[PDB]
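Asker: kindly return the folded structure for what I paste below:
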Amino acid sequence: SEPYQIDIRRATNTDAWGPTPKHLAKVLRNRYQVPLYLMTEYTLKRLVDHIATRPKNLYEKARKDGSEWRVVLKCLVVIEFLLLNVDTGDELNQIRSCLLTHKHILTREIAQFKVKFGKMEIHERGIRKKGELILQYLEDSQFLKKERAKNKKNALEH
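Answerer: Numbering: from 1, shown residues only. Here you go, the structure:
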């Protein structure tokens, strides 16, 4: 129910469109009131809960009440945006250690991700590539550093 949770939900909804840059700006702005660790943990929880609510087979599929992949991709887009946009030191380190504490999400669940359903293969590829990128940011701090520097190039153009 917290404002930061509402902002993360909005940025990572089931709609076919977004997050917009405003949705992402809004999320980032919660860092004035909320630890990055909690923002990152919540985004990961939502990703995990949406992966787990999916039927494992056609029996279960017909018995519980195929666009859950969008929530997953959007949660990864949010994670990337934060890694690129938070402040060096405290903020970045809270994101990284939250991701490192839950590394299996990236190394296994996203790495092995299967979309269910006619564009299953492309959506699958977009999810796996995004998780590769987040992994690269964690494995190579120098690459993340330079990517963070380039991200500031046009920061006051608005």
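
Asker: immediately after whichever helix or strand residue 4 is part of, which helix or strand?
Answerer: Assigned by DSSP states H and E, residue 4 belongs to helix 3-11. For helix 3-11, the following helix or strand on the C-terminal side (DSSP H and E) is helix 21-29.

Asker: and the angle for that next one with helix 3-11?
Answerer: On the basis of axes from the mean of the first three to the mean of the last three CA atoms, to 10 degrees, helix 21-29 is oriented at 160 degrees to helix 3-11.

Asker: output the contacting helices and strands for helix 21-29.
Answerer: helix 3-11, helix 69-85 (3 or more CB pairs under 8 Å, 6 or more residues apart in numbering; DSSP states H and E). Bear in mind the C-beta positions are built from the backbone N, C-alpha and C, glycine included.

Asker: how far off centre is the first one?
Answerer: Translated: helix 3-11. Relative to the mean C-alpha coordinate of its chain, helix 3-11 is positioned 12 Å out (CA atoms, centre = their mean, to the nearest Å).

Asker: mean neighbour count and distance to residue 31 for the helices and strands packed on helix 21-29 - can I get that in TSV?
Answerer: Formatted as TSV, the helices and strands packed on helix 21-29 follow (neighbours: other CB atoms under 10 Å; distance: least, CB to CB, whole Å):
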stretch	mean neighbour count	distance to residue 31
helix 3-11	18	9
helix 69-85	22	9
